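Next up: a single chain in structure tokens, the form deposited in one PDB entry.
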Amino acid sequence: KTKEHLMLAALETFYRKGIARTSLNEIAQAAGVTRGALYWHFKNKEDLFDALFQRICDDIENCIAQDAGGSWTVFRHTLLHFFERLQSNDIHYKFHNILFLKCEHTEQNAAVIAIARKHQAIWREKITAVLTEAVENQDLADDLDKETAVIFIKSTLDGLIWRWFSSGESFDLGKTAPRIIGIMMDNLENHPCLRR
């Protein structure tokens, strides 16, 4: 509860001031913990961020058993569960808020950004594996262009998150995300321009 208390203080501070303008010492103030104890648990600020990203991912994967007839069906559930969690889980809300809006791509953030890309590369391969299992079960056609489909998926879903935050949550994500996900899946299943 010491290591956790520090990450939530990192998250709360990142959300307030942004990643670049946040210091390993002002995180200590929020957590109310000596810097040597902080250094005990994490080397530097990228570490706090890497742990926040890992917690987000753990939460998604831990629920996948509870989301799970067939794996392409599980994907649908996991996508829908993701967007509900954005609304109702304050940790996932703030973290994605930070990732899309509070993490500017300047040299000051270079190390944090490389951490983001490590986790996104893991997610990119998660998608490929799901597409691959789905072709094998014949939920997707055998000539599905998997490299293109992966860009299409990340593009479609990133766009909805970006739009939602940028608008200031000015539309109902609970009604809109299922429409968007519905259209996307239909396109992966049926549209010719995602075939090789």
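Take the two forms, find the largest set of C-alpha atoms that superpose within 1.5 Å, and that set is the rigid core. Heads up: residue numbers just count along the shown sequence, starting at 1.
The protein also exists as the form deposited in another entry; that form is not presented, and the subsequent description refers to it.
When the two forms are overlaid on the rigid core, CA displacement between this form and the one not shown of 2 Å or more is confined, within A141, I161, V150, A28, to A28. The Cα shift for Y39 between this form and the one not shown, taken after rigid core superposition, is 2 angstroms or larger.
After superposition on the rigid core, the Cα atom of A9 is displaced by 2 Å or more between this form and the one not shown. With the core superposed, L131 shows a C-alpha displacement below 2 Å between this form and the one not shown. Relative to the displayed conformation, the Cα-Cα distance from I56 to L79 grows by 3 Å or more in the other form. Compared with the form shown, the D90-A111 C-alpha separation decreases in the other form, the change being 3 Å or greater.
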